[PDB]
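Chemist: My file is input07.csv. It has CSV, C-alpha atoms and all ligand atoms:
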chain,number,residue,atom,x,y,z
A,1,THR,CA,7.7,44.7,89.5
A,2,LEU,CA,10.8,45.9,87.5
A,3,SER,CA,10.6,49.5,86.3
A,4,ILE,CA,12.9,52.1,84.7
A,5,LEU,CA,12.8,55.6,86.4
A,6,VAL,CA,14.5,58.3,84.3
A,7,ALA,CA,14.3,62.0,83.4
A,8,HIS,CA,15.5,62.8,79.8
A,9,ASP,CA,15.3,65.8,77.5
A,10,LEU,CA,14.0,66.0,74.0
A,11,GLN,CA,17.1,64.3,72.6
A,12,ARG,CA,17.2,61.8,75.5
A,13,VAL,CA,20.0,63.5,77.4
A,14,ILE,CA,20.1,62.4,81.0
A,15,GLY,CA,23.3,63.9,82.2
A,16,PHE,CA,26.3,66.3,81.6
A,17,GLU,CA,29.6,66.1,83.5
A,18,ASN,CA,28.3,64.1,86.4
A,19,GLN,CA,25.4,66.5,86.9
A,20,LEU,CA,21.8,66.8,86.0
A,21,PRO,CA,21.7,69.5,83.3
A,22,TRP,CA,18.4,70.9,84.7
A,23,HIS,CA,17.0,71.8,88.1
A,24,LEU,CA,13.4,70.5,88.4
A,25,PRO,CA,12.1,70.3,92.0
A,26,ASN,CA,8.8,68.7,90.9
A,27,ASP,CA,10.7,65.8,89.3
A,28,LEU,CA,12.7,65.2,92.5
A,29,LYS,CA,9.3,65.0,94.4
A,30,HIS,CA,8.1,62.6,91.7
A,31,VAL,CA,11.2,60.5,92.3
A,32,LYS,CA,10.6,60.6,96.1
A,33,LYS,CA,6.9,59.5,95.9
A,34,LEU,CA,7.5,56.7,93.4
A,35,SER,CA,10.6,55.2,95.1
A,36,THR,CA,10.3,55.8,98.8
A,37,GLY,CA,9.9,52.4,100.5
A,38,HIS,CA,11.1,50.5,97.5
A,39,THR,CA,14.4,49.7,95.7
A,40,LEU,CA,16.7,51.9,93.5
A,41,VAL,CA,19.3,50.1,91.4
A,42,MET,CA,22.1,52.1,89.8
A,43,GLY,CA,25.5,51.6,88.2
A,44,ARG,CA,28.6,52.7,90.0
A,45,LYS,CA,29.0,56.0,88.1
A,46,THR,CA,25.4,57.1,88.8
A,47,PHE,CA,25.9,56.5,92.5
A,48,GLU,CA,29.2,58.3,92.7
A,49,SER,CA,27.6,61.3,90.9
A,50,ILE,CA,24.9,61.4,93.6
A,51,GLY,CA,27.4,60.9,96.4
A,52,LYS,CA,25.2,59.4,99.1
A,53,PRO,CA,22.4,56.8,99.1
A,54,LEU,CA,18.9,58.3,99.0
A,55,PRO,CA,16.9,58.1,102.3
A,56,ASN,CA,14.0,55.8,103.1
A,57,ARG,CA,14.5,53.2,100.3
A,58,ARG,CA,16.9,50.4,99.5
A,59,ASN,CA,19.9,51.7,97.5
A,60,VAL,CA,21.6,49.0,95.3
A,61,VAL,CA,24.8,49.7,93.4
A,62,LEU,CA,26.0,47.5,90.5
A,63,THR,CA,29.8,47.4,90.2
A,64,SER,CA,32.6,45.0,89.4
A,65,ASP,CA,34.7,46.4,92.3
A,66,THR,CA,34.8,43.8,95.0
A,67,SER,CA,36.1,46.4,97.5
A,68,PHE,CA,33.2,48.9,96.9
A,69,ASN,CA,31.5,49.5,100.2
A,70,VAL,CA,29.4,52.4,101.4
A,71,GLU,CA,27.3,52.7,104.5
A,72,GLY,CA,23.6,52.3,103.5
A,73,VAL,CA,24.3,50.8,100.1
A,74,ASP,CA,23.9,47.1,99.0
A,75,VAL,CA,26.4,46.0,96.4
A,76,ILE,CA,25.7,43.6,93.6
A,77,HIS,CA,28.2,42.5,90.9
A,78,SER,CA,25.9,40.9,88.3
A,79,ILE,CA,22.9,42.0,86.1
A,80,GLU,CA,21.2,38.7,87.2
A,81,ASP,CA,21.3,39.7,90.9
A,82,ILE,CA,18.7,42.5,90.0
A,83,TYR,CA,16.2,39.7,89.4
A,84,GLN,CA,16.6,38.4,93.0
A,85,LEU,CA,15.8,41.8,94.5
A,86,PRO,CA,12.4,41.6,96.2
A,87,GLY,CA,9.6,44.1,95.8
A,88,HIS,CA,9.3,47.0,93.4
A,89,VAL,CA,12.7,47.7,91.8
A,90,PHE,CA,13.4,50.9,89.9
A,91,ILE,CA,16.4,51.0,87.5
A,92,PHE,CA,17.6,54.5,88.2
A,93,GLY,CA,20.7,55.1,86.0
A,94,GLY,CA,22.9,55.5,84.1
A,95,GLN,CA,23.2,55.2,80.4
A,96,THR,CA,25.1,51.9,80.6
A,97,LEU,CA,22.6,50.1,82.9
A,98,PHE,CA,19.6,51.6,81.0
A,99,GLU,CA,21.1,50.0,77.8
A,100,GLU,CA,21.4,46.7,79.7
A,101,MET,CA,17.9,46.9,81.1
A,102,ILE,CA,15.5,48.7,78.7
A,103,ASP,CA,14.6,45.4,77.0
A,104,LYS,CA,14.0,43.7,80.4
A,105,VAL,CA,11.8,46.0,82.4
A,106,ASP,CA,8.0,45.8,82.7
A,107,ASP,CA,7.4,49.5,82.6
A,108,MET,CA,9.1,52.9,82.5
A,109,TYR,CA,8.4,56.1,84.5
A,110,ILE,CA,9.8,58.8,82.2
A,111,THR,CA,10.0,62.5,82.9
A,112,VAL,CA,10.3,64.2,79.5
A,113,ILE,CA,12.1,67.5,79.9
A,114,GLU,CA,10.8,69.7,77.0
A,115,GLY,CA,14.3,71.2,76.3
A,116,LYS,CA,17.5,70.6,74.4
A,117,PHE,CA,20.5,70.5,76.8
A,118,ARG,CA,24.1,69.8,76.2
A,119,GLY,CA,24.7,66.2,77.4
A,120,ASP,CA,27.2,63.4,77.5
A,121,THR,CA,25.0,60.7,78.9
A,122,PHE,CA,21.9,59.4,77.0
A,123,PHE,CA,18.8,57.3,77.5
A,124,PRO,CA,18.5,54.6,74.8
A,125,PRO,CA,16.2,55.2,71.8
A,126,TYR,CA,12.8,53.6,72.2
A,127,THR,CA,9.6,53.5,70.1
A,128,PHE,CA,6.0,54.0,71.1
A,129,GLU,CA,5.1,51.1,69.0
A,130,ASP,CA,6.5,49.0,71.8
A,131,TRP,CA,5.0,50.9,74.8
A,132,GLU,CA,1.5,51.8,75.7
A,133,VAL,CA,1.0,55.2,77.3
A,134,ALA,CA,-0.6,54.4,80.7
A,135,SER,CA,-0.7,58.0,81.7
A,136,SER,CA,0.8,61.3,80.6
A,137,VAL,CA,0.7,64.3,83.0
A,138,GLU,CA,2.1,67.7,82.4
A,139,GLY,CA,4.1,69.2,85.2
A,140,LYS,CA,3.2,72.6,86.4
A,141,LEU,CA,5.5,75.6,85.8
A,142,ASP,CA,6.1,78.1,88.5
A,143,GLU,CA,8.6,79.9,90.7
A,144,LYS,CA,11.1,77.0,90.9
A,145,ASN,CA,10.1,74.7,88.0
A,146,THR,CA,10.8,76.7,84.9
A,147,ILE,CA,11.2,74.0,82.2
A,148,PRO,CA,8.2,72.2,80.7
A,149,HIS,CA,8.1,68.6,81.6
A,150,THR,CA,5.8,65.6,81.3
A,151,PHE,CA,5.4,62.5,83.5
A,152,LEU,CA,4.9,59.4,81.3
A,153,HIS,CA,4.2,56.0,82.6
A,154,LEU,CA,4.9,53.6,79.7
A,155,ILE,CA,4.0,49.9,79.9
A,156,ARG,CA,5.4,47.2,77.5
A,157,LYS,CA,2.9,46.0,74.9
B,1,LIG,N1,20.6,60.9,85.1
B,1,LIG,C1,21.6,60.1,85.4
B,1,LIG,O1,21.5,58.9,85.6
B,1,LIG,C2,23.0,60.6,85.6
B,1,LIG,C3,24.0,59.7,85.7
B,1,LIG,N2,25.2,60.0,85.2
B,1,LIG,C4,26.3,59.0,85.2
B,1,LIG,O2,26.3,58.4,83.9
B,1,LIG,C5,27.4,58.8,83.2
B,1,LIG,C6,27.8,57.7,82.2
B,1,LIG,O3,28.3,56.6,82.9
B,1,LIG,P1,27.4,55.3,82.8
B,1,LIG,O4,28.3,54.1,82.5
B,1,LIG,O5,26.2,55.5,82.0
B,1,LIG,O6,27.0,55.1,84.4
B,1,LIG,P2,26.4,53.9,85.2
B,1,LIG,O7,25.7,53.0,84.3
B,1,LIG,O8,25.7,54.4,86.3
B,1,LIG,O9,27.8,53.2,85.7
B,1,LIG,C7,28.4,52.1,84.9
B,1,LIG,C8,29.2,51.3,85.8
B,1,LIG,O10,28.3,50.3,86.4
B,1,LIG,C9,29.0,49.1,86.6
B,1,LIG,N3,28.3,48.0,85.8
B,1,LIG,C10,27.5,48.2,84.7
B,1,LIG,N4,27.1,47.1,84.2
B,1,LIG,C11,27.7,46.1,85.0
B,1,LIG,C12,27.7,44.7,84.9
B,1,LIG,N5,27.0,44.0,84.0
B,1,LIG,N6,28.4,44.0,85.9
B,1,LIG,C13,29.1,44.7,86.8
B,1,LIG,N7,29.2,46.0,86.9
B,1,LIG,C14,28.5,46.7,86.0
B,1,LIG,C15,30.4,49.4,86.3
B,1,LIG,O11,31.0,50.0,87.4
B,1,LIG,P3,32.5,49.5,87.6
B,1,LIG,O12,32.5,48.1,87.5
B,1,LIG,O13,33.3,50.2,86.6
B,1,LIG,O14,32.8,50.0,89.0
B,1,LIG,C16,30.2,50.4,85.2
B,1,LIG,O15,31.4,51.1,84.8
B,1,LIG,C17,28.5,59.1,84.2
B,1,LIG,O16,29.2,60.3,83.8
B,1,LIG,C18,27.7,59.4,85.5
B,1,LIG,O17,27.9,60.7,85.9
B,1,LIG,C19,25.4,61.3,84.8
B,1,LIG,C20,24.7,62.3,85.3
B,1,LIG,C21,23.3,62.1,85.6
B,2,LIG,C1,16.1,63.5,89.9
B,2,LIG,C2,16.4,63.2,88.5
B,2,LIG,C3,15.8,62.0,88.1
B,2,LIG,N1,14.5,62.0,87.8
B,2,LIG,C4,13.8,60.9,87.4
B,2,LIG,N2,12.5,60.9,87.1
B,2,LIG,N3,14.5,59.7,87.3
B,2,LIG,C5,15.8,59.7,87.6
B,2,LIG,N4,16.5,58.5,87.5
B,2,LIG,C6,16.5,60.8,88.0
B,2,LIG,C7,17.9,60.9,88.3
B,2,LIG,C8,19.1,60.9,88.6
B,2,LIG,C9,20.5,60.9,88.9
B,2,LIG,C10,20.9,59.6,89.5
B,2,LIG,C11,20.9,61.9,89.8
B,2,LIG,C12,22.1,62.5,89.6
B,2,LIG,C13,22.5,63.5,90.5
B,2,LIG,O1,23.7,64.1,90.2
B,2,LIG,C14,24.0,65.1,91.2
B,2,LIG,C15,21.7,63.8,91.6
B,2,LIG,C16,20.5,63.1,91.8
B,2,LIG,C17,19.7,63.4,92.9
B,2,LIG,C18,20.0,64.4,93.8
B,2,LIG,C19,19.2,64.6,94.9
B,2,LIG,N5,18.1,63.8,95.2
B,2,LIG,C20,17.8,62.7,94.3
B,2,LIG,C21,18.6,62.5,93.1
B,2,LIG,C22,20.1,62.1,90.9
Take the structure from the file and write it as structure tokens.
Modeler:
Amino acid sequence: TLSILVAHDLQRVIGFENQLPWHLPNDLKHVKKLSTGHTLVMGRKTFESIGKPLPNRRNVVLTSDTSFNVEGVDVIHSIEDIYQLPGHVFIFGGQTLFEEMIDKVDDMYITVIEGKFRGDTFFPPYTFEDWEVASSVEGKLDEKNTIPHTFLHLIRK
């Protein structure tokens, strides 16, 4: 199973100056439940922006740097190596790798942030004519989650 896993705002912003533009604890928990025990694949810049591999799952970084090495991180140098990864594989970021993978994945787990943030990194355009809405769940607002958001699982028609 090959999935995209992304949070993006109303204009598909996913990042600003190496940071997430929003603070949404419920989405981090969403990320944890989906991807714990499985595989996250990310381009080099997305990994560096995070700074450490995420615990309790395989962390795979795509880069052309043959000296890249980080404890707890498996390195690949080719898009085609993604297809040899066993198990459930989530494409995690960033804009470049999403552009390379959006036409290849089976499904996408999107968190739509119902806001307009300043961004410099974007998720590719996509149309619902190509994706069936398997589920759409509104996140709950509270104390620490103050931006409306929606969990979409989209599956390729
Ligand atoms: N929500 C998110 O995902 C967030 C992520 N970002 C990041 O995304 C922003 C935009 O950068 P980006 O390019 O989208 O990030 P990215 O896609 O995570 O990193 C791109 C890098 O991945 C490597 N790469 C990609 N395709 C490859 C291929 N076919 N073969 C070999 N290596 C390949 C290469 O690393 P190289 O070979 O150069 O070492 C390239 O420069 C950056 O400012 C980051 O901070 C921003 C903040 C939040
Ligand atoms: C969660 C946000 C998020 N949600 C969803 N549904 N999919 C995603 N692909 C990401 C994401 C992301 C990027 C890689 C990111 C950037 C970052 O820049 C600091 C910190 C984190 C991060 C810090 C702590 N724990 C998990 C992830 C993630």
Chemist: Leaving out residue A:143 and any residue of its chain fewer than 5 positions from it, which residues lie within 12 Å of it when counting all atoms listed in the file, given as an NGL selection string?
Modeler: :A and (23-26)
Chemist: Throw together the list of residues within 6 Å of ligand LIG 1 (chain B), counting all atoms listed in the file, and drop it here as a list in words.
Modeler: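 Counting only what the definition allows, namely all atoms listed in the file, the set is residues 14, 15, 16, 17, 18, 19, 20, 42, 43, 44, 45, 46, 49, 62, 63, 64, 65, 77, 78, 79, 93, 94, 95, 96, 97 and 121 of chain A.
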Chemist: Leaving out residue A:139 and any residue of its chain fewer than 3 positions from it, which residues lie within 10 Å of it when counting all atoms listed in the file, given as a PyMOL selection string?
Modeler: chain A and resi 24+26-27+111-113+136+142+145+147-151
Chemist: Take the residues from that selection and write them out as an mmCIF file, in the coordinates of the input, keeping C-alpha atoms.
Modeler:
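Once written, out29.cif looks like this:
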data_model
loop_
_atom_site.group_PDB
_atom_site.id
_atom_site.type_symbol
_atom_site.label_atom_id
_atom_site.label_comp_id
_atom_site.auth_asym_id
_atom_site.auth_seq_id
_atom_site.Cartn_x
_atom_site.Cartn_y
_atom_site.Cartn_z
ATOM 1 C CA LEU A 24 13.400 70.500 88.400
ATOM 2 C CA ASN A 26 8.800 68.700 90.900
ATOM 3 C CA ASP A 27 10.700 65.800 89.300
ATOM 4 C CA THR A 111 10.000 62.500 82.900
ATOM 5 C CA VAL A 112 10.300 64.200 79.500
ATOM 6 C CA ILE A 113 12.100 67.500 79.900
ATOM 7 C CA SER A 136 0.800 61.300 80.600
ATOM 8 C CA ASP A 142 6.100 78.100 88.500
ATOM 9 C CA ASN A 145 10.100 74.700 88.000
ATOM 10 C CA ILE A 147 11.200 74.000 82.200
ATOM 11 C CA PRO A 148 8.200 72.200 80.700
ATOM 12 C CA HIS A 149 8.100 68.600 81.600
ATOM 13 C CA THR A 150 5.800 65.600 81.300
ATOM 14 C CA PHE A 151 5.400 62.500 83.500
#
Chemist: Provide the atom CA of residue A:28 to atom CA of residue A:108 distance in Å, to one decimal place.
Modeler: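 About the pair atom CA of residue A:28 and atom CA of residue A:108: they are 16.3 Å apart.
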Chemist: When you count all atoms listed in the file, which of these residues is closest to ligand LIG 2 (chain B): A:38, A:82, A:153, A:87?
Modeler: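 Distance minimum relative to ligand LIG 2 (chain B) lands on A:153.
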Chemist: If I take atom CA of residue A:85 and atom CA of residue A:125, how far is one from the other in Å, to one decimal?
Modeler: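 Computed distance, atom CA of residue A:85 to atom CA of residue A:125, equals 26.4 Å.
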Chemist: Quote the spacing between atom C22 of ligand LIG 2 (chain B) and atom CA of residue A:48 in Å to one decimal place.
Modeler: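 The value is 10.0 Å.
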Chemist: Name the closest residue to ligand LIG 2 (chain B) among the candidates A:31, A:70, A:89, A:152; distances are taken between atoms, counting only C-alpha atoms and all ligand atoms.
Modeler: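 Nearest to ligand LIG 2 (chain B): A:31.
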Chemist: Can you patch up stretch 80-115 of chain A, filling it in to N, CA and C atoms, and show the result as a PDB file, in the frame of the given file?
Modeler:
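Generated file (rebuild06.pdb):
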ATOM      1  N   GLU A  80      22.225  39.722  86.784  1.00  0.00           N
ATOM      2  CA  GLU A  80      21.200  38.700  87.200  1.00  0.00           C
ATOM      3  C   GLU A  80      20.858  38.843  88.656  1.00  0.00           C
ATOM      4  N   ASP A  81      21.682  39.491  89.476  1.00  0.00           N
ATOM      5  CA  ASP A  81      21.300  39.700  90.900  1.00  0.00           C
ATOM      6  C   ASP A  81      20.103  40.708  90.960  1.00  0.00           C
ATOM      7  N   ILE A  82      19.910  41.585  89.966  1.00  0.00           N
ATOM      8  CA  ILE A  82      18.700  42.500  90.000  1.00  0.00           C
ATOM      9  C   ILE A  82      17.454  41.662  90.108  1.00  0.00           C
ATOM     10  N   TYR A  83      17.375  40.517  89.429  1.00  0.00           N
ATOM     11  CA  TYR A  83      16.200  39.700  89.400  1.00  0.00           C
ATOM     12  C   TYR A  83      15.921  38.993  90.762  1.00  0.00           C
ATOM     13  N   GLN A  84      16.899  38.938  91.665  1.00  0.00           N
ATOM     14  CA  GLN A  84      16.600  38.400  93.000  1.00  0.00           C
ATOM     15  C   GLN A  84      16.219  39.497  93.982  1.00  0.00           C
ATOM     16  N   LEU A  85      16.254  40.765  93.589  1.00  0.00           N
ATOM     17  CA  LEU A  85      15.800  41.800  94.500  1.00  0.00           C
ATOM     18  C   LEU A  85      14.314  41.700  94.709  1.00  0.00           C
ATOM     19  N   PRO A  86      13.844  41.644  95.950  1.00  0.00           N
ATOM     20  CA  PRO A  86      12.400  41.600  96.200  1.00  0.00           C
ATOM     21  C   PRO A  86      11.754  42.983  96.056  1.00  0.00           C
ATOM     22  N   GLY A  87      10.459  42.948  95.746  1.00  0.00           N
ATOM     23  CA  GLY A  87       9.600  44.100  95.800  1.00  0.00           C
ATOM     24  C   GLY A  87       9.602  44.883  94.493  1.00  0.00           C
ATOM     25  N   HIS A  88       9.249  46.163  94.587  1.00  0.00           N
ATOM     26  CA  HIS A  88       9.300  47.000  93.400  1.00  0.00           C
ATOM     27  C   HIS A  88      10.675  47.589  93.225  1.00  0.00           C
ATOM     28  N   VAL A  89      11.278  47.287  92.076  1.00  0.00           N
ATOM     29  CA  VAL A  89      12.700  47.700  91.800  1.00  0.00           C
ATOM     30  C   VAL A  89      12.647  48.678  90.645  1.00  0.00           C
ATOM     31  N   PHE A  90      13.258  49.838  90.892  1.00  0.00           N
ATOM     32  CA  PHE A  90      13.400  50.900  89.900  1.00  0.00           C
ATOM     33  C   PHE A  90      14.885  50.934  89.434  1.00  0.00           C
ATOM     34  N   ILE A  91      15.107  50.712  88.133  1.00  0.00           N
ATOM     35  CA  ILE A  91      16.400  51.000  87.500  1.00  0.00           C
ATOM     36  C   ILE A  91      16.520  52.535  87.359  1.00  0.00           C
ATOM     37  N   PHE A  92      17.529  53.109  88.011  1.00  0.00           N
ATOM     38  CA  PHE A  92      17.600  54.500  88.200  1.00  0.00           C
ATOM     39  C   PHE A  92      18.703  55.227  87.363  1.00  0.00           C
ATOM     40  N   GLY A  93      19.625  54.489  86.757  1.00  0.00           N
ATOM     41  CA  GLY A  93      20.700  55.100  86.000  1.00  0.00           C
ATOM     42  C   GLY A  93      21.948  54.178  86.044  1.00  0.00           C
ATOM     43  N   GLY A  94      22.896  54.422  85.124  1.00  0.00           N
ATOM     44  CA  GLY A  94      22.900  55.500  84.100  1.00  0.00           C
ATOM     45  C   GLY A  94      22.660  54.975  82.707  1.00  0.00           C
ATOM     46  N   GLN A  95      23.371  55.566  81.743  1.00  0.00           N
ATOM     47  CA  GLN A  95      23.200  55.200  80.400  1.00  0.00           C
ATOM     48  C   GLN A  95      23.534  53.684  80.163  1.00  0.00           C
ATOM     49  N   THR A  96      24.644  53.232  80.755  1.00  0.00           N
ATOM     50  CA  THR A  96      25.100  51.900  80.600  1.00  0.00           C
ATOM     51  C   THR A  96      24.037  50.873  81.065  1.00  0.00           C
ATOM     52  N   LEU A  97      23.597  51.052  82.311  1.00  0.00           N
ATOM     53  CA  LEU A  97      22.600  50.100  82.900  1.00  0.00           C
ATOM     54  C   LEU A  97      21.255  50.244  82.187  1.00  0.00           C
ATOM     55  N   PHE A  98      20.842  51.453  81.783  1.00  0.00           N
ATOM     56  CA  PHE A  98      19.600  51.600  81.000  1.00  0.00           C
ATOM     57  C   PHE A  98      19.716  50.743  79.710  1.00  0.00           C
ATOM     58  N   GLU A  99      20.859  50.848  79.005  1.00  0.00           N
ATOM     59  CA  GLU A  99      21.100  50.000  77.800  1.00  0.00           C
ATOM     60  C   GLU A  99      20.957  48.552  78.099  1.00  0.00           C
ATOM     61  N   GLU A 100      21.458  48.124  79.251  1.00  0.00           N
ATOM     62  CA  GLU A 100      21.400  46.700  79.700  1.00  0.00           C
ATOM     63  C   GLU A 100      19.991  46.311  80.075  1.00  0.00           C
ATOM     64  N   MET A 101      19.157  47.245  80.544  1.00  0.00           N
ATOM     65  CA  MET A 101      17.900  46.900  81.100  1.00  0.00           C
ATOM     66  C   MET A 101      16.644  47.296  80.352  1.00  0.00           C
ATOM     67  N   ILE A 102      16.760  48.164  79.342  1.00  0.00           N
ATOM     68  CA  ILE A 102      15.500  48.700  78.700  1.00  0.00           C
ATOM     69  C   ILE A 102      14.718  47.567  78.097  1.00  0.00           C
ATOM     70  N   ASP A 103      15.364  46.515  77.593  1.00  0.00           N
ATOM     71  CA  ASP A 103      14.600  45.400  77.000  1.00  0.00           C
ATOM     72  C   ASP A 103      14.125  44.390  78.059  1.00  0.00           C
ATOM     73  N   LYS A 104      14.383  44.597  79.343  1.00  0.00           N
ATOM     74  CA  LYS A 104      14.000  43.700  80.400  1.00  0.00           C
ATOM     75  C   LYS A 104      12.892  44.191  81.303  1.00  0.00           C
ATOM     76  N   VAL A 105      12.724  45.501  81.408  1.00  0.00           N
ATOM     77  CA  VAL A 105      11.800  46.000  82.400  1.00  0.00           C
ATOM     78  C   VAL A 105      10.373  45.876  81.980  1.00  0.00           C
ATOM     79  N   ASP A 106       9.469  45.845  82.968  1.00  0.00           N
ATOM     80  CA  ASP A 106       8.000  45.800  82.700  1.00  0.00           C
ATOM     81  C   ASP A 106       7.464  47.112  82.260  1.00  0.00           C
ATOM     82  N   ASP A 107       7.958  48.207  82.833  1.00  0.00           N
ATOM     83  CA  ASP A 107       7.400  49.500  82.600  1.00  0.00           C
ATOM     84  C   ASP A 107       8.460  50.571  82.852  1.00  0.00           C
ATOM     85  N   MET A 108       8.196  51.799  82.399  1.00  0.00           N
ATOM     86  CA  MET A 108       9.100  52.900  82.500  1.00  0.00           C
ATOM     87  C   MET A 108       8.355  54.142  83.009  1.00  0.00           C
ATOM     88  N   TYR A 109       8.876  54.797  84.042  1.00  0.00           N
ATOM     89  CA  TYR A 109       8.400  56.100  84.500  1.00  0.00           C
ATOM     90  C   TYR A 109       9.364  57.139  83.981  1.00  0.00           C
ATOM     91  N   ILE A 110       8.981  57.803  82.896  1.00  0.00           N
ATOM     92  CA  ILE A 110       9.800  58.800  82.200  1.00  0.00           C
ATOM     93  C   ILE A 110       9.316  60.175  82.500  1.00  0.00           C
ATOM     94  N   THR A 111      10.210  61.073  82.884  1.00  0.00           N
ATOM     95  CA  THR A 111      10.000  62.500  82.900  1.00  0.00           C
ATOM     96  C   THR A 111      10.618  63.073  81.615  1.00  0.00           C
ATOM     97  N   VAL A 112       9.817  63.557  80.669  1.00  0.00           N
ATOM     98  CA  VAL A 112      10.300  64.200  79.500  1.00  0.00           C
ATOM     99  C   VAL A 112      10.542  65.659  79.726  1.00  0.00           C
ATOM    100  N   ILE A 113      11.798  66.093  79.728  1.00  0.00           N
ATOM    101  CA  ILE A 113      12.100  67.500  79.900  1.00  0.00           C
ATOM    102  C   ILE A 113      12.012  68.122  78.458  1.00  0.00           C
ATOM    103  N   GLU A 114      11.126  69.109  78.278  1.00  0.00           N
ATOM    104  CA  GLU A 114      10.800  69.700  77.000  1.00  0.00           C
ATOM    105  C   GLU A 114      11.868  70.764  76.600  1.00  0.00           C
ATOM    106  N   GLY A 115      13.144  70.370  76.648  1.00  0.00           N
ATOM    107  CA  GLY A 115      14.300  71.200  76.300  1.00  0.00           C
ATOM    108  C   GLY A 115      15.345  70.456  75.607  1.00  0.00           C
TER     109      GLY A 115
END
